[PDB]
Every structure is written in structure tokens, then in C-alpha cells.
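Below is protein-v4.cif, which holds mmCIF, C-alpha atoms and all ligand atoms.
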data_target
#
loop_
_atom_site.label_atom_id
_atom_site.label_comp_id
_atom_site.auth_asym_id
_atom_site.auth_seq_id
_atom_site.Cartn_x
_atom_site.Cartn_y
_atom_site.Cartn_z
CA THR A 3 104.56 128.03 92.24
CA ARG A 4 107.08 126.06 90.20
CA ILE A 5 107.86 122.47 91.14
CA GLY A 6 110.70 120.47 89.61
CA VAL A 7 110.06 116.78 88.97
CA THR A 8 112.52 114.12 87.87
CA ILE A 9 111.36 110.66 86.66
CA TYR A 10 114.27 108.19 86.69
CA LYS A 11 113.39 107.11 83.14
CA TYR A 12 110.26 107.73 81.12
CA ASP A 13 110.80 104.25 79.60
CA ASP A 14 109.72 102.60 82.87
CA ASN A 15 106.16 101.23 82.57
CA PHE A 16 104.90 101.75 86.09
CA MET A 17 106.60 105.13 86.53
CA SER A 18 104.79 106.07 83.31
CA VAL A 19 101.48 105.59 85.13
CA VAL A 20 102.74 107.60 88.11
CA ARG A 21 104.14 110.40 85.95
CA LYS A 22 100.92 110.91 84.00
CA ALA A 23 98.92 110.96 87.25
CA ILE A 24 101.23 113.64 88.71
CA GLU A 25 101.00 115.69 85.54
CA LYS A 26 97.20 115.54 85.70
CA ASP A 27 97.40 116.95 89.26
CA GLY A 28 99.65 119.74 87.97
CA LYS A 29 97.49 120.69 84.98
CA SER A 30 94.51 120.97 87.31
CA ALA A 31 96.19 123.23 89.90
CA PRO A 32 95.89 126.68 88.37
CA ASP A 33 98.57 127.95 90.76
CA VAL A 34 101.27 125.32 90.04
CA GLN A 35 103.66 124.70 87.14
CA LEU A 36 105.48 121.35 86.95
CA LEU A 37 108.87 121.27 85.25
CA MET A 38 109.06 117.66 84.04
CA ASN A 39 112.38 115.88 83.52
CA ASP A 40 113.31 112.50 82.02
CA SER A 41 116.60 111.50 83.66
CA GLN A 42 117.11 108.76 81.04
CA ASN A 43 118.19 106.16 83.58
CA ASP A 44 121.35 108.10 84.44
CA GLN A 45 121.88 109.62 87.89
CA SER A 46 124.54 112.01 86.60
CA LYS A 47 122.03 113.35 84.09
CA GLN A 48 119.53 113.66 86.94
CA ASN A 49 122.00 115.58 89.09
CA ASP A 50 122.58 118.07 86.27
CA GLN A 51 118.83 118.42 85.75
CA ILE A 52 118.43 119.18 89.45
CA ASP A 53 121.11 121.91 89.22
CA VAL A 54 119.22 123.48 86.34
CA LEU A 55 115.89 123.31 88.21
CA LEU A 56 117.37 125.05 91.24
CA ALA A 57 119.07 127.63 89.02
CA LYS A 58 115.63 128.32 87.52
CA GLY A 59 114.17 128.88 91.01
CA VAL A 60 111.73 126.09 91.90
CA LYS A 61 109.94 126.09 95.30
CA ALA A 62 110.01 122.31 95.70
CA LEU A 63 111.49 119.22 94.09
CA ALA A 64 109.75 115.87 93.58
CA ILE A 65 112.50 113.43 92.80
CA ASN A 66 112.28 109.87 91.50
CA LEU A 67 115.93 108.83 91.94
CA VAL A 68 117.86 106.80 89.41
CA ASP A 69 120.05 105.49 92.26
CA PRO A 70 118.52 105.33 95.77
CA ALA A 71 121.99 105.98 97.15
CA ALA A 72 122.20 109.43 95.56
CA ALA A 73 119.57 110.80 97.97
CA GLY A 74 122.21 112.56 100.09
CA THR A 75 123.72 114.28 97.06
CA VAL A 76 120.32 115.53 95.91
CA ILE A 77 119.44 116.70 99.42
CA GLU A 78 122.65 118.74 99.64
CA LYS A 79 121.77 120.44 96.33
CA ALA A 80 118.31 121.33 97.63
CA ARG A 81 119.70 122.61 100.95
CA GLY A 82 121.51 125.37 99.02
CA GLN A 83 118.19 127.19 98.59
CA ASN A 84 116.34 125.54 101.46
CA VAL A 85 114.11 123.81 98.92
CA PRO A 86 111.99 120.88 100.12
CA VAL A 87 112.44 117.52 98.39
CA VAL A 88 109.75 114.89 98.12
CA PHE A 89 111.45 111.69 97.01
CA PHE A 90 109.17 109.04 95.52
CA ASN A 91 109.14 105.46 94.21
CA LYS A 92 112.77 104.62 95.11
CA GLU A 93 113.25 104.88 98.89
CA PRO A 94 116.40 106.55 100.27
CA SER A 95 118.05 105.25 103.42
CA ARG A 96 116.44 106.41 106.64
CA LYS A 97 119.79 108.06 107.40
CA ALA A 98 119.60 110.11 104.19
CA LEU A 99 115.95 111.11 104.76
CA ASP A 100 116.73 112.04 108.38
CA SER A 101 119.61 114.27 107.22
CA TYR A 102 117.29 117.08 106.13
CA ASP A 103 114.37 118.82 107.81
CA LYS A 104 112.52 118.96 104.49
CA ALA A 105 113.19 115.55 102.91
CA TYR A 106 110.08 113.40 102.47
CA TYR A 107 109.39 110.08 100.79
CA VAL A 108 106.27 108.61 99.19
CA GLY A 109 106.20 104.89 98.53
CA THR A 110 104.90 101.58 99.78
CA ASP A 111 105.58 98.97 102.44
CA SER A 112 108.04 97.07 100.24
CA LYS A 113 107.72 93.67 101.92
CA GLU A 114 103.92 93.68 101.58
CA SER A 115 103.84 93.02 97.82
CA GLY A 116 106.26 90.10 98.20
CA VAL A 117 103.99 88.59 100.87
CA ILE A 118 100.84 89.11 98.74
CA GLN A 119 102.61 87.66 95.69
CA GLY A 120 103.77 84.60 97.68
CA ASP A 121 100.21 84.06 98.89
CA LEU A 122 98.85 84.18 95.33
CA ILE A 123 101.44 81.67 94.20
CA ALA A 124 100.65 79.39 97.15
CA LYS A 125 96.93 79.58 96.31
CA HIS A 126 97.34 78.70 92.64
CA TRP A 127 99.99 76.06 93.44
CA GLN A 128 97.54 74.21 95.74
CA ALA A 129 94.75 74.50 93.15
CA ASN A 130 96.94 73.28 90.31
CA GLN A 131 98.81 70.15 91.31
CA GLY A 132 99.73 69.60 87.65
CA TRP A 133 102.12 72.53 88.01
CA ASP A 134 104.38 70.30 90.11
CA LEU A 135 106.04 68.98 86.97
CA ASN A 136 108.50 66.63 88.71
CA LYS A 137 106.12 65.65 91.52
CA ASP A 138 108.56 66.42 94.35
CA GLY A 139 106.14 68.64 96.28
CA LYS A 140 108.43 71.62 95.78
CA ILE A 141 108.23 74.63 93.49
CA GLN A 142 111.14 74.79 91.07
CA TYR A 143 111.14 78.45 90.14
CA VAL A 144 113.16 81.09 88.37
CA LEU A 145 113.10 84.69 89.54
CA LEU A 146 113.35 87.87 87.48
CA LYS A 147 114.68 90.54 89.83
CA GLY A 148 114.39 94.33 89.72
CA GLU A 149 117.41 96.63 90.07
CA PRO A 150 119.85 95.25 92.66
CA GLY A 151 119.76 97.41 95.83
CA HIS A 152 116.32 98.80 95.01
CA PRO A 153 114.39 98.31 98.27
CA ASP A 154 111.40 96.87 96.34
CA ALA A 155 113.52 94.43 94.28
CA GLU A 156 115.18 93.22 97.47
CA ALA A 157 111.94 92.93 99.49
CA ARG A 158 109.82 91.34 96.77
CA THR A 159 112.53 88.80 96.04
CA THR A 160 113.07 87.88 99.71
CA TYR A 161 109.42 87.90 100.81
CA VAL A 162 107.82 86.04 97.94
CA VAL A 163 109.98 83.01 98.77
CA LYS A 164 109.80 83.45 102.55
CA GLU A 165 106.00 83.60 102.33
CA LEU A 166 105.72 80.39 100.30
CA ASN A 167 108.13 78.67 102.70
CA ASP A 168 106.25 79.96 105.79
CA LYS A 169 103.01 78.64 104.29
CA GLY A 170 104.66 75.20 104.16
CA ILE A 171 105.56 75.18 100.48
CA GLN A 172 109.20 74.28 99.88
CA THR A 173 110.93 75.87 96.91
CA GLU A 174 114.03 75.45 94.79
CA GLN A 175 115.67 78.36 92.95
CA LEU A 176 116.78 77.08 89.54
CA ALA A 177 118.01 80.53 88.56
CA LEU A 178 117.76 84.21 89.44
CA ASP A 179 118.93 87.29 87.58
CA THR A 180 118.01 90.94 87.32
CA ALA A 181 116.19 92.27 84.28
CA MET A 182 116.29 95.78 85.76
CA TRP A 183 112.47 96.24 85.73
CA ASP A 184 112.61 96.05 81.90
CA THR A 185 110.44 94.01 79.49
CA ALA A 186 113.07 93.41 76.81
CA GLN A 187 115.84 92.36 79.21
CA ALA A 188 113.42 89.98 80.91
CA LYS A 189 112.46 88.43 77.60
CA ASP A 190 116.18 87.76 76.91
CA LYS A 191 116.90 86.29 80.37
CA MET A 192 113.80 84.05 80.27
CA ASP A 193 114.74 83.03 76.71
CA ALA A 194 118.17 81.91 77.91
CA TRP A 195 116.67 79.91 80.79
CA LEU A 196 114.26 78.23 78.37
CA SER A 197 117.26 77.38 76.15
CA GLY A 198 119.45 75.87 78.87
CA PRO A 199 119.75 72.42 80.51
CA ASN A 200 117.21 73.37 83.20
CA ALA A 201 114.48 74.39 80.73
CA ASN A 202 112.07 71.49 81.38
CA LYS A 203 112.43 71.73 85.19
CA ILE A 204 110.95 75.25 85.46
CA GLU A 205 107.54 75.15 87.14
CA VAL A 206 106.79 78.78 88.01
CA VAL A 207 108.18 82.12 86.84
CA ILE A 208 108.34 84.77 89.58
CA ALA A 209 108.89 88.39 88.47
CA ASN A 210 109.45 91.44 90.71
CA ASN A 211 107.25 93.44 88.31
CA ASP A 212 104.75 93.20 85.43
CA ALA A 213 107.09 94.63 82.79
CA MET A 214 109.47 91.75 83.45
CA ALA A 215 106.60 89.24 83.69
CA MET A 216 105.49 90.47 80.26
CA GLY A 217 108.97 89.76 78.80
CA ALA A 218 108.85 86.26 80.25
CA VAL A 219 105.42 85.64 78.75
CA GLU A 220 106.80 86.52 75.30
CA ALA A 221 109.72 84.13 75.81
CA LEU A 222 107.51 81.29 77.04
CA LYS A 223 105.47 81.78 73.87
CA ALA A 224 108.53 81.66 71.62
CA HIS A 225 109.46 78.36 73.26
CA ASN A 226 106.01 76.75 73.25
CA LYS A 227 105.99 76.74 77.04
CA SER A 228 103.03 78.98 77.86
CA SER A 229 101.78 76.30 80.26
CA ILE A 230 104.31 77.64 82.80
CA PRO A 231 102.59 80.14 85.12
CA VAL A 232 103.87 83.73 85.44
CA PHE A 233 103.37 86.09 88.41
CA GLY A 234 104.16 89.81 88.55
CA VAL A 235 103.66 93.01 90.51
CA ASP A 236 102.06 96.37 89.60
CA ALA A 237 98.75 95.62 87.89
CA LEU A 238 99.65 97.38 84.63
CA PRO A 239 96.72 97.47 82.19
CA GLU A 240 98.70 95.08 79.93
CA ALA A 241 99.24 92.69 82.81
CA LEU A 242 95.56 92.73 83.80
CA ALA A 243 94.74 91.73 80.23
CA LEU A 244 97.19 88.83 80.52
CA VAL A 245 95.58 87.80 83.80
CA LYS A 246 92.23 87.77 81.99
CA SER A 247 93.68 85.68 79.14
CA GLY A 248 95.44 83.34 81.56
CA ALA A 249 98.85 84.26 80.16
CA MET A 250 99.66 85.55 83.65
CA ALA A 251 98.43 83.79 86.81
CA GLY A 252 98.56 86.76 89.20
CA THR A 253 99.89 90.21 89.98
CA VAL A 254 99.68 92.89 92.67
CA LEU A 255 98.10 96.35 92.32
CA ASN A 256 100.76 98.98 92.98
CA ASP A 257 98.68 102.09 93.66
CA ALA A 258 100.16 104.60 91.22
CA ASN A 259 97.23 107.03 91.59
CA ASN A 260 97.61 107.46 95.35
CA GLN A 261 101.40 107.58 95.23
CA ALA A 262 101.18 110.29 92.57
CA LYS A 263 98.55 112.12 94.60
CA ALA A 264 100.56 112.05 97.85
CA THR A 265 103.75 113.08 96.06
CA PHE A 266 101.98 116.03 94.47
CA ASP A 267 100.07 117.08 97.62
CA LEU A 268 103.18 117.02 99.82
CA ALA A 269 105.33 118.77 97.22
CA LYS A 270 102.72 121.53 96.72
CA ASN A 271 102.22 122.11 100.46
CA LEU A 272 106.00 122.27 101.04
CA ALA A 273 106.37 124.58 98.05
CA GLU A 274 104.02 126.92 99.89
CA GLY A 275 105.82 126.59 103.23
CA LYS A 276 102.92 124.61 104.76
CA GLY A 277 102.99 121.37 106.74
CA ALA A 278 103.39 118.53 104.25
CA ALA A 279 99.97 117.05 105.02
CA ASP A 280 97.94 120.28 105.23
CA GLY A 281 94.41 119.84 103.88
CA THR A 282 94.89 116.12 103.33
CA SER A 283 94.36 112.80 105.04
CA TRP A 284 97.90 111.50 104.45
CA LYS A 285 99.47 109.77 107.46
CA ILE A 286 103.06 110.95 107.36
CA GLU A 287 105.35 109.02 109.72
CA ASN A 288 108.86 110.41 110.19
CA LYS A 289 108.43 112.16 106.81
CA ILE A 290 107.36 108.97 105.04
CA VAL A 291 104.05 108.07 103.34
CA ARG A 292 103.28 104.44 102.36
CA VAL A 293 100.38 103.28 100.14
CA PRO A 294 98.97 99.71 100.42
CA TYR A 295 99.25 97.02 97.72
CA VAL A 296 96.35 94.68 96.84
CA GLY A 297 96.55 91.18 95.26
CA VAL A 298 94.88 90.67 91.85
CA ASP A 299 94.04 87.52 89.90
CA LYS A 300 91.26 85.82 87.91
CA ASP A 301 89.16 85.46 91.06
CA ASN A 302 88.92 89.17 91.87
CA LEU A 303 89.93 90.64 88.52
CA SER A 304 86.57 92.38 88.18
CA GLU A 305 87.41 94.87 90.90
CA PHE A 306 90.26 96.41 88.91
CA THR A 307 89.48 96.40 85.19
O1 LIG B 401 107.63 101.15 96.60
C1 LIG B 401 107.47 102.20 95.64
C2 LIG B 401 106.79 101.63 94.41
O2 LIG B 401 106.22 102.72 93.66
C3 LIG B 401 107.88 100.93 93.60
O3 LIG B 401 107.34 100.45 92.38
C4 LIG B 401 108.29 99.86 91.49
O4 LIG B 401 109.19 100.87 91.01
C5 LIG B 401 110.11 100.43 90.00
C6 LIG B 401 111.00 101.60 89.59
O5 LIG B 401 111.46 102.32 90.75
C7 LIG B 401 109.33 99.92 88.79
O6 LIG B 401 108.55 100.99 88.23
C8 LIG B 401 108.41 98.77 89.20
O7 LIG B 401 107.60 98.36 88.08
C9 LIG B 401 107.51 99.19 90.35
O8 LIG B 401 106.88 98.01 90.88
CA CA B 402 108.48 70.39 91.76
NA NA B 403 99.03 123.94 86.76
#
Please express the file's structure as C-alpha cells.
Amino acid sequence: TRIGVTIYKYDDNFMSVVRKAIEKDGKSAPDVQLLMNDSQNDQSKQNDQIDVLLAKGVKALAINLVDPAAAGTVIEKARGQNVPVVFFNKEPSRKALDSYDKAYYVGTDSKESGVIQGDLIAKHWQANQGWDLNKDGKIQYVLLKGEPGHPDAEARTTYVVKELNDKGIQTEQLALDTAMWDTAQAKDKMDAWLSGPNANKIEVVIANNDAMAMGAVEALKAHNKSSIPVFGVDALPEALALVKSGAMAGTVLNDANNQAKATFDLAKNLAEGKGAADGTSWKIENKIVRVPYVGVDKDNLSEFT
């Protein structure tokens, strides 16, 4: 039973955790062979890789899209051989998922991590009045965003601020830009902000993920401004270490193990012509599985590392 798998780019920290977990599942299944592909952050490369997989005769595809909007294209490729597709990590439109009897998605409730992140920030903000550098009762923040259009970048960005505001904490956006989930790009964007006229007004750094938080931490260090708190999402090992050291104030566990597990289980079942959830406890709703996030910081760090 051969299963084709595309990872939008191996360079991506969190998808690295997910990929290795999926591979472990594959190694362990004596009956399954995974054909692993690095799409190198290029959807056209991914589309070509999918053609090759289907030419080689896979029984299922597990696809981590470069561009969420290419779901329809990928589905139409898979339809040619009636191959099931389990999309994961970047959610297609409901319209695209609904276009095929055998298109599934494994992910998260995107808004949830923004809400959890906003609650962590609110908690530390209240506990650390010194953070309010200009004493106006508001958080002056900058935000490092994920890929524009990515449902998680959009949700995390919207809901982190909405949650703070709903909890009665007013906020002011000094700047926002995308660092595309990437550590190095984030370092450069944070560097620029620390080198501009608004430098000394920045009170909190909000990042849509840990990789970008990590870039900001490096930049803060280069500028002698490590007193500015940094929040992320994912709970990468490296980020958990920064939480322990106080170089990050909080993050959110993105459950790579269960997302990898559900992706593999559904793909394998569908490869065999079985119901997607056969022999599992997954709750599939309109062909979608979602795995909870959990907040992590100094106060509960012990439960994760
Ligand atoms: O909601 C699906 C969840 O797996 C998305 O996770 C994010 O996925 C991004 C790439 O799609 C990137 O890996 C980032 O660090 C992750 O937080
Ligand atoms: Ca302030
Ligand atoms: Na195997």
C-alpha cells in the first residue's frame, strides 16, 4: 500500500515535527510505504510531484499544500484515478473539500490558538505592569504574521487582538508584517522595527508562530531590548527552552503528534477503501478532523518538557 505525501517545505519548523511523526507511523506499518516529497515552498513543484506520484500508482495522497487555494487543482488530479486525498496543516476552502467524495482535512480549530495566546498575554500583562512602558493602559504591540491567506495566520492574528480587547485590554498596533512562518525573515522584520522611530514604544511582540518568535528574540538581543516580551504558537522544543529561560513569555502547544497520527490513520484507511475513521477514535465532521491547542508558559511548563 503506497501513500504519496507532500510537505509544503521541509524547511518549516513545525511541519518538520509533523513530517517525522508521520514517517514514524509509516516505518511501523509493515504493509505501508510512504513516498515522501519536499515541495520546496513552490506549489508548481508540488503539482508536478503529485503527477509523478499518481503516475507511480499510489492508493492515497496526504497533501500539505503550499497554497491553500490549490486544493481544487490537486483534487482534480486525484480524481483521475479515484485516489483519496487527505489534506493536512493548511486548510482548503469548505467548497474545495466538498467538491470531492474522498477529500479530507486534518488540522485544528484555527481561532482557538489566537484566543489562548490572547489570554496568555492578558495574564502576563496584568502581572507585569512594568511592561506598560508609556503608562497609557494600552498594549503597544507589533505583530509578526504567518503567510497571508493561511487560515491560521488570519485567525491567530485576528483572535489574539480580539481576545485581549474582549478581556478589557485596549491595544495599539505599531506595526504588522508577514515573516511567512520563517525565523530568518522574522529576525529581519523585528530588526527593522527595532531600528525605526517607533523602537522605544514597542511593549509586546506577538508572533503567529514560534519560528517567527525565535527570530524576534534574536533581534531583540542584537538591540539590547530583551526586556520586551515575546509570545508565539506551536510549542517547538526550542521555544519551550526559551520559555524556561524567560526569553519567551508564552506559546501554545500545536499538537503535531495527533495531527500526524490522524493524517496517517485516515490516509491508510482510505488507501484500503475503508471508512476514514475505521479502527480509530477520530471524530470526523464533514470530512474534517480538528486537534485541540493548549496554552504553555512558565506556570505550567512542566507538563510539556
Ligand atoms: O491548523 C493546522 C496547524 O497544523 C497549522 O500549524 C501552522 O502551520 C504553518 C505551516 O502551514 C507553520 O508550520 C506554523 O508554525 C504552524 O503553527
Ligand atoms: Ca502602553
Ligand atoms: Na512501512
Edge lengths and centre in Å to one decimal, as AutoDock Vina command-line options, of the axis-aligned box that encloses all listed atoms of segment 263-279 of chain A with 6 Å added on every side?
--center_x 102.5 --center_y 119.5 --center_z 100.6 --size_x 19.8 --size_y 26.9 --size_z 24.3
Atomic separation - atom CA of residue 214 of chain A relative to atom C2 of ligand LIG 401 (chain B), Å: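 Interatomic distance here is 15.0 Å.
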Sort by chain and increasing residue number a table of all residues of chain A within 6 Å of ligand LIG 401 (chain B), each with its closest pair of atoms and their distance in Å to one decimal, counting only C-alpha atoms and all ligand atoms, and write it as a tab-separated table.
residue	atom	partner	partner_atom	distance
A:14	CA	B:LIG401	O6	5.7
A:16	CA	B:LIG401	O6	4.3
A:17	CA	B:LIG401	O6	4.9
A:91	CA	B:LIG401	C1	3.9
A:92	CA	B:LIG401	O5	5.1
A:109	CA	B:LIG401	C1	4.1
A:110	CA	B:LIG401	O1	4.2
A:112	CA	B:LIG401	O1	5.5
A:154	CA	B:LIG401	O1	5.7
A:183	CA	B:LIG401	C7	5.7
A:211	CA	B:LIG401	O7	4.9
A:235	CA	B:LIG401	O8	6.0
A:236	CA	B:LIG401	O8	5.2
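Residues of protein or nucleic acid lying within 12 Å of ligand NA 403 (chain B), counting only C-alpha atoms and all ligand atoms, are residues 3, 4, 5, 24, 25, 26, 27, 28, 29, 30, 31, 32, 33, 34, 35, 36, 37, 266 and 270 of chain A.
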Show me which residues sit within 6 Å of ligand CA 402 (chain B) when counting only C-alpha atoms and all ligand atoms, and put them as a compact mmCIF listing (two decimals) with C-alpha atoms, in the coordinates of the input.
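Here's the written file selection.txt:
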# COMPACT_ATOMS: atom_id res chain seq x y z
CA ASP A 134 104.38 70.30 90.11
CA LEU A 135 106.04 68.98 86.97
CA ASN A 136 108.50 66.63 88.71
CA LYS A 137 106.12 65.65 91.52
CA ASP A 138 108.56 66.42 94.35
CA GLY A 139 106.14 68.64 96.28
CA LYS A 140 108.43 71.62 95.78
CA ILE A 141 108.23 74.63 93.49
CA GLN A 142 111.14 74.79 91.07
Between atom CA of residue 167 of chain A and atom CA of residue 227 of chain A, measure the distance and give it in Å to one decimal.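 A separation of 25.8 Å between them.
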Produce a table with one row for each residue of segment 106-222 of chain A that has an atom at most 7 Å from any atom of segment 243-256 of chain A, each row naming the nearest atom pair and its distance in Å at one decimal; use all atoms listed in the file; arrange rows by chain and rising residue number; format as JSON lines.
{"residue": "A:115", "atom": "CA", "partner": "A:254", "partner_atom": "CA", "distance": 6.6}
{"residue": "A:119", "atom": "CA", "partner": "A:254", "partner_atom": "CA", "distance": 6.7}
{"residue": "A:122", "atom": "CA", "partner": "A:252", "partner_atom": "CA", "distance": 6.7}
{"residue": "A:219", "atom": "CA", "partner": "A:249", "partner_atom": "CA", "distance": 6.9}
Which is closer to residue 196 of chain A than all the others in A:294, A:223, A:170, A:237, using all atoms listed in the file?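 Counting all atoms listed in the file, the residue closest to residue 196 of chain A is A:223.
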Can you work out the spacing between atom CA of residue 49 of chain A and atom CA of residue 72 of chain A in Å, to one decimal? 8.9 Å
For the interface of segment 184-281 of chain A with segment 289-292 of chain A (cut-off 10 Å, counting only C-alpha atoms), please tabulate each contacting residue of segment 184-281 of chain A alongside its nearest pair of atoms and their separation in Å to one decimal, rows sorted by chain and increasing number, as JSON lines.
{"residue": "A:260", "atom": "CA", "partner": "A:292", "partner_atom": "CA", "distance": 9.5}
{"residue": "A:261", "atom": "CA", "partner": "A:292", "partner_atom": "CA", "distance": 8.0}
{"residue": "A:264", "atom": "CA", "partner": "A:291", "partner_atom": "CA", "distance": 7.6}
{"residue": "A:265", "atom": "CA", "partner": "A:291", "partner_atom": "CA", "distance": 8.8}
{"residue": "A:268", "atom": "CA", "partner": "A:291", "partner_atom": "CA", "distance": 9.7}
{"residue": "A:278", "atom": "CA", "partner": "A:289", "partner_atom": "CA", "distance": 8.5}
{"residue": "A:279", "atom": "CA", "partner": "A:289", "partner_atom": "CA", "distance": 9.9}
Find the spatial neighbours of residue 188 of chain A, counting all atoms listed in the file, within a cut-off of 7 Å - ignore same-chain residues fewer than 5 positions away - and output them as an NGL selection string. :A and (146 or 181 or 214 or 217-218)
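Using only C-alpha atoms, the smallest distance between any of A:171, A:201, A:57, A:272 and residue 120 of chain A comes from A:171.
Nearest residue to residue 205 of chain A, choosing from A:298, A:124, A:182, A:230 and counting all atoms listed in the file: A:230.
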Could you name the residues that touch residue 103 of chain A at 12 Å or less, counting all atoms listed in the file, but leaving out those on the same chain fewer than 6 positions away, as a PyMOL selection string? chain A and resi 77-78+80-81+84-88+272+277-278+288-289
